[PDB]
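In this analysis, Cβ positions are derived from the backbone assuming ideal geometry, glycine residues included, and neighbour counts consider all displayed protein chains. Every number in this text was worked out from the coordinates using simple rules, so none of it is lab data.
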Amino acid sequence: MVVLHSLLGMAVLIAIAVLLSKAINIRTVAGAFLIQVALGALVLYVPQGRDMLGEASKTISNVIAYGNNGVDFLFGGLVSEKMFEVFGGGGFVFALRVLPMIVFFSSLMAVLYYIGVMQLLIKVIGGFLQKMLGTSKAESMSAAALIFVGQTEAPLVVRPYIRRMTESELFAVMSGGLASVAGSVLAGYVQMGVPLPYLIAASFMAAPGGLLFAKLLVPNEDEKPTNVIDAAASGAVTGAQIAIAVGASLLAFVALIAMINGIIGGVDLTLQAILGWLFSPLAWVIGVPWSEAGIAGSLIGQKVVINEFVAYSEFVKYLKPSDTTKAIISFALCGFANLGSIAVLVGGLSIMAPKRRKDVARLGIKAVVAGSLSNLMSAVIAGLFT
Amino acid sequence: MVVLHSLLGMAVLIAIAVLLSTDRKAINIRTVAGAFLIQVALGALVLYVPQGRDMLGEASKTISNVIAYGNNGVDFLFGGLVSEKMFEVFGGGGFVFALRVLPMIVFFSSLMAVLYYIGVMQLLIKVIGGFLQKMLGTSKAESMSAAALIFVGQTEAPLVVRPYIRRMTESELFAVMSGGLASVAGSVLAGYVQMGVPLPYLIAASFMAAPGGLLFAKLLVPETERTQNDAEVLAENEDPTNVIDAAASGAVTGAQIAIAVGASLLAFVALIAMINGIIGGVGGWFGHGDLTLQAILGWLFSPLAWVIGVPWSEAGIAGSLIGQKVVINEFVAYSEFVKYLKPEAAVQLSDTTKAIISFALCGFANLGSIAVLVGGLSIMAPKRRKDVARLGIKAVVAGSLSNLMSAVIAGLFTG
Amino acid sequence: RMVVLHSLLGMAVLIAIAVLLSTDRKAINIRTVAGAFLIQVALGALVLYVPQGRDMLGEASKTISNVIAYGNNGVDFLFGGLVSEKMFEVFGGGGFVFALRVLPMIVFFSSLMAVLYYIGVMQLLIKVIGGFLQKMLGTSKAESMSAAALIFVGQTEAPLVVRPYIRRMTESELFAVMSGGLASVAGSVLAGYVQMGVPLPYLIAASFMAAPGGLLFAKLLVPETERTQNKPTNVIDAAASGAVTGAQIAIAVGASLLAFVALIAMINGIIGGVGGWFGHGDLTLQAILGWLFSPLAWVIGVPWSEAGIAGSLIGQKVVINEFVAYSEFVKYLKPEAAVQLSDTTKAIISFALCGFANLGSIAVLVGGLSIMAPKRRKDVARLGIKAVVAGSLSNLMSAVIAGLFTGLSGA
């Protein structure tokens, strides 16, 4: 029963990467992967690993509780338990919980960035990744942000250094951004599914894993605030208008998916089944049983287009009245990687520097294939330390 | 029996245009009489001869499904806030206009944006444009601008005319303005459906506005200059990578529209309610405290409402709605029209009166629509911006009559 | 009686602090600061002391409120029954959704104040009040119109009435525009304050005092004294335009408060934690700023059993923003209030908090004013700190004049 399937999966995923690729730095990819599996192995298993995991996340669980009280003020009782007594799970509103947090996380990080807390963490961790793997400063810094900040909140930092940056790290930022899980996606889980430490685990894995699959084939006046209030205010506004963009995209995509599902019925096999039939070997290789590869394959297919939420909902529907396939599908669900986030990031980076946005559209979905395979690698890794 | 009263209407409507036209002698007849025939032909087509309503029913159920595919996205972003329970809890007010309409603007906007890059739009406009140019003698520029505005969402709307706008004649410049006001974007169209407006009438009101748009456009200011050849023009590349950026760019822009519409509604609805608090007050001493802006417009537009074919017994209402359409905007008219439509039936209206108004209210032709046109064309053709603003009122009248002509034909037929 | 010496003490302090922080305590003109103060206290007794005025102010609450009622008709149509009575029975106290019941009035008033601009109703009133101060206070016409302009008017129209006089203005004229802008408030925010549950009539008098009080401490710091010397298509487009701009503000305001509220809750989680090692695990920023502004809370004439509370609210405004202070002030006006404050206290606080004078306003003024006059962008950041004080003194001055003329309770 000792897993060879795990190492088999890692062998295949890295092989496909080479097949899809070549002359890459081996000291970069072997080290990045080493860091990925080691960090994940230690924080999950060996002592002081999970003990720390609970302390630096229960603090975050309080940060989320602060955001709740912030929403409680603005939206009143709609975010109370009165909805659940009438509509129940239908009383759960997506736009009142998933979107408004973007505002807070944007403003809060704008404060941390103004002080130097974010720069500190990014400069230290960034210097670590560029020393152990011999990578450029830009990508190593951007990855560090994606651990703490979301995906759309990362280019806000690595903007000026991202000007003349090569396409090598460009794919790295976008692949890391999609694989990233903090702020707006960490959001969802804690307030609906409530896995407290899954927030930290998937986040810390996202950046180095992202810098791994991406590095497979890697190698005029403005104004700024004076005080902290300006930063907290400006960040909120930026996070607000971004939230309007996010929520609009999500409604549209889910709606178009309902359309592509309707056109297939016309032309009784749903698209969710087609995705579950096609991407079934990917689950078989990852370690998921063949008996549950048809269902989890759909969620993977839903992970391709739809956000991780609808796939998570259908997952919990299977949970409500195996442990290996559950966690394997859980960490696979963790990550903001989807066809939606690509478009949002492309629009965000287009606002940063459209002069390079022309050739910065060639990668596109390749970043999703990188961020997903990176996070899926992190999921298969979690199956090794169950 | 008596279809003459409608033909009387058609005569007056077309007459008024000539009375206001710049030069009657310069009016081409093979152009206007043709488009007029196409409009009424399409009328008897989609209504009288059975097969027209069937193909209409196809698009009805189709769009209805497309709309239903949208709701699954809405019910996700806002949860089940709008359900059968919601109607039970909050009663009649349970129908949240903000959350049951504006999301469709985001959806259809993201739909048309996708169907545009694929070429599905570029193809349809090309065929229909090549038709109206071969029939009415008009050039390619207008015919594409007349065929497009039936289907296509706003703000990717100009790109068809974009290279032509900066150097076209007054009529061609006026024909686009008359079309833009006579037309109705698919985004707001879906909004009407959610309000309870009959979809089959919205679709039928659309395909009529294109020939009806060119009708009063060419009838007011005729073409006298040259139909510029294609080889003589020199365009500029736009600078929409793929389907990913298509649905996104179309959704986010549809959101900025949905938010913009909402504030405009909340404004006008509240401001009109304030004017009625002033009119009612001033008019109260004279013995009519119940007097309002709706009643005055109804009392004012009472005659015109009768000419199109509506009975006088229902003119006191018809004038208000059409009155509100022109002086306020398009939404406010329908919002105070669905009240007469639902089974509450404070006053029941005939199928003909309910239909003629469904077509009469279809159009952006309102005094508050000029700033959108001029504000949009100025960004493209800043040299003509002075000419576009001069033909402001003239265009609102044209687009209005175009919606009236489309209505008379609807009320005319009884099948 | 027998406040009156204690209030006059408070006023004299506010004037004293102005003379100290002034760049030149000798260039101050008597006819200006004495006149601007005289008008301020005069308008105070006018709407508070004489019964004939409380009738005017009472009339200037029914009218304004009736405008708010017309707005709610637009909100009820937009959201349906979400804000109706049914929501109260289900969610109780939480039924009052601050997002759907208050912000929509930021949208409506932003349109109305844009409809009255295309008509010329505003150009009429501004020209009147502006001309009056131009003759009496002797100020150059620019800041007089501006000072008169701000009271009613929403932002991004308000810069469009001073635009021609920005660059050509002096150090004083510039300081008077930014001082008044911080002294008074707009209609976009005033409308929300009523929906919040704040006494309207106090906000009216407060707004009318911010103009003379603004130019009082503005000119009480600057000399000037080197010789200053000298689009919508229709109504429908005017309304729709004002609605969209109001809508982009509402999203900005509501989103800023969500952040600001959640952050304060986070600060108390840290300071509460720090205090945990000190011994006081329940340490919050309210009491800290309470104790900090507690001395100042006594200068204006607040009881010692309430000066500790007012200081926490006055402090909350300055270091963050007024809109947050009003959110924790209405909890003391409820009929089930654990503590119902003194009838004189409830008035003074209202006049104190009414104003855009805080840190978050600086960054907005420096930026927006640089968009029009980019050359002076360096001078605004220099006077950005002094203007907030000059703007605060205006509101704190009106708070004393208010508390002084408290002869009757409201609501």
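Let's test this: bin the Cα-Cα distances of region B:180-328 at 10 Å from zero up to the farthest pair and state each bin's percent.
Taking all Cα pairs of region B:180-328, the binned fractions are 8, 20, 32, 22, 13, 4, 1 percent.
Looking at the square roots a ≥ b ≥ c of the eigenvalues of the Cα gyration tensor of region B:84-163, which shape do they give, rounded for a/c under 1.5, prolate if a/b is larger than b/c, or oblate?
Working: a/c = 3.84, a/b = 2.88, b/c = 1.33.
It is prolate, given that a/c is not under 1.5 and a/b is the larger ratio.
Taking the Cα centre of the protein assembly as shown as origin and charging only Cβ (+1 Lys, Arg; -1 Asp, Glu), how large is the dipole, in debye to the nearest 20?
Details: 76 positive and 64 negative charges, 548 e Å.
Using Cβ point charges on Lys, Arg, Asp and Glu, the protein assembly as shown gives about 2640 debye.
Quick one: net charge of A:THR28's neighbours, Cβ under 11 Å, K/R +1, D/E -1?
On the way: positive: A:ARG27, A:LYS215; negative: A:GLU139.
Counting the neighbours of A:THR28, the net charge comes to +1.
I'd like the distance separating the alpha-carbon centroids of region A:188-244 and region B:155-197, in whole Å.
Measuring centre to centre over Cα atoms gives 40 Å.
Using Cα positions and a limit of under 16 Å, work out the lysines in reach of B:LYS354, with same-chain residues fewer than 8 apart set aside.
Straight-distance partners of B:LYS354: B:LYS325, B:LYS339, B:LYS342.
Step through the table entries B:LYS126/B:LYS218; A:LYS22/A:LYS326; A:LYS123/A:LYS303, compare each Cα-Cα distance with 27 Å, and write down the pairs that go over it. Intermediate results must be reported in sequence, preceding the final value.
Working: B:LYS126/B:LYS218 21 Å; A:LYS22/A:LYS326 36 Å; A:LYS123/A:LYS303 32 Å.
The pairs that break the limit, which is 27 Å between Cα atoms, are A:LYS22/A:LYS326; A:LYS123/A:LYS303.
Using a ≥ b ≥ c from the Cα gyration tensor of region A:227-295 (square roots of the eigenvalues), is it rounded, prolate or oblate, where a/c under 1.5 gives rounded and otherwise the larger of a/b and b/c decides, a/b for prolate? Please report the intermediate quantities before stating the final value.
Numbers: a/c = 6.82, a/b = 1.93, b/c = 3.52.
Oblate is the answer for region A:227-295, as a/c is 1.5 or above yet b/c matches or exceeds a/b.
How are the alpha carbon pair distances in region B:1-56 distributed across 10 Å bins from zero to the largest one, expressed in percent?
Cα pair-distance distribution for region B:1-56, in percent: 20, 39, 29, 11, 1.
Return the equivalent ellipsoid semi-axes of region C:24-176 as a descending list in whole Å, where each equals the square root of 5 times an eigenvalue of the C-alpha gyration tensor. Walk me through the intermediate numbers first.
Details: eigenvalues 289, 85, 45 Å².
They are 38, 21, 15 Å, listed largest first.
Mind checking which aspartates and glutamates have their Cα closer than 12 Å to the Cα of C:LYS86? Skip sequence neighbours fewer than 8 apart in that chain.
B:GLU88
Given axes a ≥ b ≥ c from the Cα gyration tensor, I'd like to know whether the protein assembly as shown is rounded (a/c under 1.5), prolate (a/b larger than b/c) or oblate.
Details: a/c = 1.69, a/b = 1.02, b/c = 1.65.
Because a/c hits 1.5 or more and a/b fails to exceed b/c, the protein assembly as shown counts as oblate.
Report P(r) for chain C: all Cα-Cα distances, bin width 10 Å, range 0 to the bin holding the largest distance, values in whole percent.
For chain C, the pair-distance distribution reads 5, 22, 33, 27, 12, 2, 0.
In the structure shown, do any of C:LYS135/C:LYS219; C:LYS317/C:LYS346; B:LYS383/C:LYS231; A:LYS58/A:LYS137; C:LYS26/C:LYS135 have a Cα-Cα gap over 21 Å, and if so which?
Violating the 21 Å limit, Cα to Cα: A:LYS58/A:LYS137; C:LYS26/C:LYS135.
Enumerate the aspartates and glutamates that C:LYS141 could reach by cross-link, defined here as Cα to Cα under 20 Å, with residues fewer than 8 away along the same chain left out.
By straight Cα distance, C:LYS141 reaches C:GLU157, C:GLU171, C:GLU173, C:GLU224, C:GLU226.
Stokes-Einstein diffusion coefficient for region C:170-235 at 37 °C in a medium of 0.692 mPa s, Rh from the Kirkwood formula over Cα pairs: what value in µm²/s? Present the calculation step by step, with values, prior to reporting the outcome.
Numbers: Rh = 13.9 Å.
Stokes-Einstein gives a translational diffusion coefficient of 236 µm²/s.
What is the Cα centroid distance between region B:1-38 and region B:93-144, reported in whole angstrom?
28 Å
Normalised radius of gyration for region A:212-266, please: alpha carbon Rg relative to 2.2 N^0.38 Å, two decimal places. Present the calculation step by step, with values, prior to reporting the outcome.
Working: Rg = 20.3 Å, N = 55, 2.2 N^0.38 = 10.1 Å.
Compared with the compact-globule rule of thumb, region A:212-266 sits at 2.01.
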